[PDB]
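What follows is calculated from the coordinates using simple rules that are stated; it is not laboratory data. Note that we place each Cβ from the backbone using ideal geometry, even for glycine, and neighbour counts take in every protein chain shown.
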There are 2 protein chains.
Amino acid sequence: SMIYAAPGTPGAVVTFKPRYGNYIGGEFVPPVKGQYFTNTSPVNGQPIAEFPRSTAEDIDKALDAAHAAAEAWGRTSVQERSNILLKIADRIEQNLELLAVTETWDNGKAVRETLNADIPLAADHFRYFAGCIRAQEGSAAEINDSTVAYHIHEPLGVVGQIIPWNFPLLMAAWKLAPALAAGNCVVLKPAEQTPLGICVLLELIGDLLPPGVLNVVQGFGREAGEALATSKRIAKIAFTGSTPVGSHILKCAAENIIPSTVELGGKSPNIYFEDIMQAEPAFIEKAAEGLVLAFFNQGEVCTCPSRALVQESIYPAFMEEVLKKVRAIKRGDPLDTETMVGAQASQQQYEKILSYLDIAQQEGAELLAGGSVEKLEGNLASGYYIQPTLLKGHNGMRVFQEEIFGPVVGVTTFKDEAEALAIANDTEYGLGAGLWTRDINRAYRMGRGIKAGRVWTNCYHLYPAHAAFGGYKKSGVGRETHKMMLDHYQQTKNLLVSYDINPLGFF
Amino acid sequence: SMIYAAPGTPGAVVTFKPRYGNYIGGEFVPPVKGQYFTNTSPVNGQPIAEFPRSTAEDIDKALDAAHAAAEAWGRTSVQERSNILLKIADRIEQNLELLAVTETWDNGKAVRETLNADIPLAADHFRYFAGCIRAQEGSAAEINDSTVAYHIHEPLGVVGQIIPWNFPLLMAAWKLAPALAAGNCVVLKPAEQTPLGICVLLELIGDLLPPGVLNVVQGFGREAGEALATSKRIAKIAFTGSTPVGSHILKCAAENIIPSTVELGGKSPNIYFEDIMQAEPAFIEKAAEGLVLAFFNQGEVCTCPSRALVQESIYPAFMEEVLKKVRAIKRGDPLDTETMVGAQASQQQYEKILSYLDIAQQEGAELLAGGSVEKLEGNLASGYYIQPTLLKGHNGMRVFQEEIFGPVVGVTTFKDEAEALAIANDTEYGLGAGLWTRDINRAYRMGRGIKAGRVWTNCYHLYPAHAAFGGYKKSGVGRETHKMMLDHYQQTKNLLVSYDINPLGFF
Ligand SMILES: NC(=O)c1ccc[n+]([C@@H]2O[C@H](COP(=O)([O-])OP(=O)(O)OC[C@H]3O[C@@H](n4cnc5c(N)ncnc54)[C@@H](O)[C@@H]3O)[C@H](O)[C@H]2O)c1
Ligand SMILES: NC(=O)c1ccc[n+]([C@@H]2O[C@H](COP(=O)([O-])OP(=O)(O)OC[C@H]3O[C@@H](n4cnc5c(N)ncnc54)[C@H](O)[C@@H]3O)[C@@H](O)[C@H]2O)c1
Ligand SMILES: [Mg+2]
Ligand SMILES: [Mg+2]
């Protein structure tokens, strides 16, 4: 149990620069038009540093470097690219605390999360894709005695990637590890709310990559992001974030006829069947933790289990176990490892959540816990903290239909399996679901029946590599965190070779 | 040598109905608002039959039937779906001549093409996907001792497919075989120029599929096609056709957040290196036939080798071999197996090609052969026939950059390999390429260097199943004619199962 000192104060593991540049062609550079913005910490509302408010000119300067690097990088051997990714993972792990404190400071989440989930998972994502590129094969098949089809994976070349602020470094790893393993150059546009972590990381790893292979351009969505998403000099666009912006991203890709992948959030149901109350006491506790895991990362998780569906025959008994855990949630300084729920990422997100709490009250949702701002001591008072909130309601309510992205769960009941499936699928989203039952047949039936990319069965919030992650329905298109992604970042070249010297007989 | 009688005349293998319906819910039905259009044969200009000028209401009635069938079809066993596709293939082969004559009549191409390529390839495509769905596996991987990731392929459900007129039945097979193999229901919108073949096919196979699994709605692109492309009741959209419509299709999918694949034509280069004239005489003949293969299907082929790139050191010698074959092309009745080039598909396409021959004259392209309409005898005088045309020019001309989609090849030269690659890649397209060289190293270097989905090496115009077909750059996104496409027609369900009963330690 320990408390990390705030950056720049005595004992801190890091002191940040007062100003950061874009990372282009192997070096930090200022924005072309010299404009900056100020990034603040959500821990205490206080400013951190200045970052470029880049424009189209910077995106094009980054695309120049990426395009000059792409040919030699795409032709770097699989072994060598793999080995570089293994060194990136090493550097992440050797700097685990530094990166975890940076991430907490910039984003607000509890440092026990960055120490145990974000940074280690980010390092492992690089080892995983370093390994999968070693294993990747195209194909060779004999169509007939003198005709052979070869399929060779090729880099797309230069790709654009736009990431959000809820897992700044993990999202970066999710995007960069496969794109780089596949031999592409990247222009990455981080979320303007969280520009710091990727800058610190680039200071740690930048020398491992040839100049121009990894380019990071800071700035606002409707400026730097839009120049990248509409650019005619990228071969592919990747995006994680809001549904309206994602749809716009897909429209930009449609105009240029380039492939696209997007992950757009969800309204994931956590489904609890009655037989869990006949299982072991540890399992009942695990199921209750699975509901309260909705408050992990302050609910700022695309697969946050924001609807709990509890079989009505066990609702009183099971909710007793749930509420014991909600009530024990320790609040405080996000840099205290004891703290279990940190700060929201921005004032805007803070305001969004408070609006939804009012909408919930107005439409008749009943508060079982929380419901208000969390007022914390000292310097934390200027930060953005909300109480873990549990609302009783029905699936027709707005707060059961729209993604809040705060520490808010709506709980409702169902009578039988058919109704649980109907409520679970009564959403436009389809990113994740949780499923709690010890009957193998129900586990399988519900697992197949839920229209979601991931169904966590008797667990929640596990995001290992080697498990494909992505949307059904409006939650998006494509998959991440699995070697199948390499195909989103590569093109298939079919050499169709004839070894027959004779004409076909047609002309 | 055989001459098929014109449909409806003595000796014909088929006589057509005067009016055809939409195929919805297992039966032929009239359009909701009773509007029809007349389909004419491009062989002789004479009308064939009436087909629905369907509206949004018909699209929604087909989606109703598709959605009522989707669940049971999706849960039908792999063996059973495979066996149905195998029966479809047998029915196609059992009616080979009937179907080949129908396709010539509706589309205009020479019956030797439908007899030897279209119909047999259509039959084999069903066998191929019947076989690939037997072999398909998802995955199971142990993440740790108590955590297993399962990935199960699931049908998308109801999908929309829009196909063009240059290979009416083969295009139908290319889209339908994988979609049905994957357990999806289909709403298919055939090209209004060629509605006939798919109707005859449905008469032969409709009883093999459950009602509502396969629905075919005829009509105009701007009406029936647009209703399908903008539908919020499809999980996926597939399209082959023009660049402007395909981009619009991608925008429609963007709005609805659904996966999409499109193939949008090309300007494919056929590259001839000097060493081929050091090869066997048969091989030189084969290469010369490979250039003249541009006139296969009247040049109405997305990968028509419409730019010929000849190394200048062999240009005189090799063009002598080419022109020998150009001069041998027999014209006449497309129902004569001796006819080597049939009719263009429509007046609009016929006129489009004639415009491009005119543009070619004005910009200085030199006629090496052809260049005018082909005036044919008797009833053919009312059909659409253009001479096989060979223009000498340079790659910057409009006729070297824009897709003509008629029997027209632009020939130009290059000095060395670097120049051949630059000219070959000097296009917005990237669907195919032809590559003729017997030096193993040059074949590999150019094969990798060309930005196109398929590089035919020492052959051209082979479209076997089990060789992936699809675009680089503006030629589209996705792949066809290969088992990897099944992923375009399925969702990945990740069951992430924990067998440990203990809480994680976070809440
Ligand atoms: N393999 C290919 O990509 C391919 C195929 C055929 C033709 N072409 C080229 O495409 C043109 C042929 O003319 P075309 O008008 O028939 O092409 P097209 O793409 O418009 O027609 C093919 C299909 O598009 C549909 N369609 C048209 N408008 C639509 C809309 N607004 N919404 C939904 N669907 C719509 C139907 O017309 C048809 O089934 C060019 O002349 C030719 O060079 C390319
Ligand atoms: N994991 C996720 O799916 C995820 C992540 C963040 C936010 N969200 C949800 O989105 C809501 C709004 O938060 P937000 O405004 O930060 O999301 P956002 O979609 O606006 O921003 C995410 C990223 O897109 C960029 N962007 C914004 N507009 C752009 C444009 N026109 N062109 C190109 N790029 C653009 C942003 O700069 C950022 O990098 C959240 O409350 C939450 O519901 C979801
Ligand atoms: Mg925004
Ligand atoms: Mg059109």
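A few notes on this one:
- With label points set 7 Å from Cα along Cα→Cβ, the inter-copy distances at B:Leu462 are 4.6 nm, sorted shortest first.
- Rounded to the nearest 500, the 222 nm mean residue ellipticity of chain B from helices alone is -10500 deg cm²/dmol, with -39,500 (n - 2.57) taken per DSSP H run of at least 4 residues.
- Computed from phi, the 3J(HN,Hα) profile of the range A:51-61 under the Karplus parametrisation 6.51, -1.76, 1.60 (θ = phi - 60°) reads 9, x, 9, 5, 10, 3, 4, 6, 4, 6, 5 Hz, with x in place of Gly and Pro.
- Inter-probe distance in nm under a simple model that places probes 7 Å from Cα toward Cβ, at B:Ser313 and B:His67: 6.5 nm
- Cα principal axis extents for the range B:271-314, largest first, Å: 32, 21, 11
- Average projection area in nm² (convex hull over Cα atoms of the protein assembly as shown, one quarter of hull surface): 40.5 nm²
- Over the range A:22-264, volume per residue of the alpha carbon convex hull, in Å³: 129 Å³
- Each Cα pair under 8 Å and six or more residues apart adds its separation to the average, and for chain B the resulting relative contact order is 18 percent.
- Span from the the range A:175-254 Cα centroid across to the the range B:445-480 one, whole angstrom: 29 Å
- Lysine pairs meeting the criterion (Cα under 17 Å, 8 or more apart or interchain), as found in the range A:269-457: 6
- Global form of the range B:142-279, assessed from the alpha-carbon gyration tensor, a/c cut-off 1.5: oblate
- 10 Å binning of all Cα-Cα separations within the range A:269-457, expressed as whole percents from 0 upward: 9, 38, 35, 15, 3, 0
- Inter-copy label distances at A:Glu57, shortest first and taken from points set 7 Å along Cα to Cβ: 5.9 nm.
- Nitroxide proxy distance, nm - points 7 Å out along Cα→Cβ at A:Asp439 and B:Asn502: 3.0 nm
- Assigned charges on the beta-carbon of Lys, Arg, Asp, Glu; the range A:88-165 dipole about Cα centre (debye): 200 debye
- Stokes-Einstein, applied to the Kirkwood radius of the range B:434-507 over Cα pairs at a viscosity of 0.692 mPa s and 37 °C, places its translational diffusion at 202 µm² s⁻¹.
- Selected from A:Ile386, A:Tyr315, A:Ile271, residue furthest toward positive end of dipole (the protein assembly as shown; charges at beta carbon): A:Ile386
- Across the range A:22-264, C-alpha contacts under 8 Å between residues 6 or more apart give a mean separation that, scaled by the residue count, equals a relative contact order of 27 percent.
- Mean projected area in nm² (Cα convex hull; one quarter of hull surface) for the range A:367-474: 9.1 nm²
- Three-way shape call for the range A:1-151 based on the alpha-carbon gyration tensor, with the a/c threshold at 1.5: oblate
- Positive-end extreme of charge dipole, the range A:125-236 - chosen from A:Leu188, A:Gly219, A:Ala149 (charges on Cβ): A:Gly219
- The range B:1-86 - percent relative contact order, Cα under 8 Å, separation 6 or more: 21 percent
- Neighbourhood charge, 13 Å Cβ-Cβ cut-off, centred on B:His461 and excluding it, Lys, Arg +1 and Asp, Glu -1: -2
- The magnitude of the dipole of the range B:1-126, with charges of +1 and -1 set on the Cβ of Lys/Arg and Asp/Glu and taken from the Cα centre, is near 200 debye.
- For the pair the range B:271-343 / the range B:392-439, the C-alpha centres are spaced 15 Å from each other.
- Where labels lie 7 Å past Cα in the beta-carbon direction, separation of A:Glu338 and B:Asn425 in nm: 6.1 nm
- The stretch between A:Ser1 and A:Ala282, if pulled fully straight at 0.36 nm per residue, gains 98.7 nm over its current Cα-Cα span.
- Dipole in debye (nearest 20) - the range B:312-362, about Cα centre, beta carbon charges: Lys, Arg +1; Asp, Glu -1: 60 debye
- Peptides A:457-470, A:101-114, ordered by how many other C-beta atoms sit within 10 Å of their residues on average, highest first, read A:101-114, A:457-470.
- Over all other residues within a Cβ to Cβ distance under 14 Å of B:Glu223, the charged ones net out to -1, with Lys and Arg as +1 and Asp and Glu as -1.
- Summing charges over all other residues whose Cβ lies under 15 Å from the Cβ of A:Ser355, with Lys and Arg as +1 and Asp and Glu as -1, gives -3.
- Farthest towards the positive end of the charge dipole of the protein assembly as shown, among the residues B:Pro120, A:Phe51, B:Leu85, is the Cα of A:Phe51, using unit charges on the Cβ of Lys, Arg, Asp and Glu.
- With its label point defined 7 Å out from Cα along the Cα-to-Cβ axis, A:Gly378 lies at 10.1 nm from the matching points of the other copies, in increasing order.
- Bridging of A:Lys17 to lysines at a Cα separation below 22 Å is possible for A:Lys33, A:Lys109, A:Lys189, once same-chain residues fewer than 8 apart are set aside.
- Chain B shape via C-alpha gyration tensor axes, a/c threshold 1.5: oblate
- Taking θ as phi - 60° and the Karplus parameters 6.51, -1.76 and 1.60, the scalar couplings of the range B:92-104 work out to 4, 5, 5, 10, 4, 5, 3, 6, 5, 5, 4, 5, 4 Hz in sequence order, x denoting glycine and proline.
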